[PDB]
């Protein structure tokens, strides 16, 4: 049976790999072997790591992380007799893991391959990681035809590229199968607002807080759920502005299951998160991006996402249009699924693996 290495270090990697892992378990042709470089999410999907290297820490030098992964991942890959190594996305784990696999002459498959902003070292190091992984990988699981196109421009052979789609829709269905969050949202149009980036802290958060106030004052039927940042100085702003409004629930940081349950119930999503810009349109949610740029420009091009920055007049206007113009809402909802790839992607990865090996 083909022994398939699954290497990740972070929650977003684990979420996108889980449906491939589960499908590799179920199919008798393959044996998945999970090695981590970075637990809640392991328990939620039923992922049982065989090795936990414990490399990654907060505020560790990129060079230190890469060095430990490049130095230490080979031995467990060899001990577990791994035939192929799968890495995911644009992470420094995925790059360092792929180089480690290539040093032992172990073929690499890449889940979610071919995404390009066309903006060198923006973001850093995600953009260079993508291009390095693309040179190391024998097999490329592209989420869309456009992604596949980008791999060809970088010298990848057509026979190595499969349009597999995106596993994230399958991972979110798996967690779709709570106290007041259900009571607060039921019967109402609810906005999910996640705002967490460091450049968003202080003044911009206040500007977004004022927009929420305005919308709540104009639209009595409208509700907002706003997860508060775990840093007391940061969560101070939203409390000082919004705690007295009955139409606004300020909650503690959410676990993944509660979070995507809430996102599924919401009518639209306001976020500065690259992850949420992908997840929300995949569940059919129009996204306003609380930034003047994005790491996911595909959503802007397809029209399932819209840059709104932290301008309160624009946020009010843009939220209004979507609540009042069912045409406007659909023109963001329709392109949203299929923008980041079709679902049932795990099965398409297995076919490509069964064909090559």
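Residue numbers count along the first chain shown, from 1.
Per the record, residue 303 and residue 304 follow each other directly, and no deposited residue is missing between them. Comparing the deposited coordinates for 218-226 and 198-206, the stretch with the larger average C-alpha B-factor is 198-206. Annotation for 315-323 versus 57-65: the higher mean temperature factor (C-alpha) is found in 57-65. Taking only the listed residues 181, 269, 142, 100, the entry reports the highest CA temperature factor at 181. As recorded in the entry, 41 carries the highest CA temperature factor of 70, 34, 290, 41. Among the modelled residues of its chain, residue 91 has a C-alpha B-factor that falls in the lowest third according to the deposited record. Residue-level temperature factors show residue 163 in the middle third of its chain, judged at the C-alpha atom.
Among all modelled residues in its chain, residue 186 ranks in the highest third by Cα B-factor. In this PDB entry, residue 282 carries a Cα temperature factor that places it within the highest third of its chain's modelled residues.
Ranked by C-alpha B-factor against the other modelled residues of its chain, residue 337 falls in the highest third.
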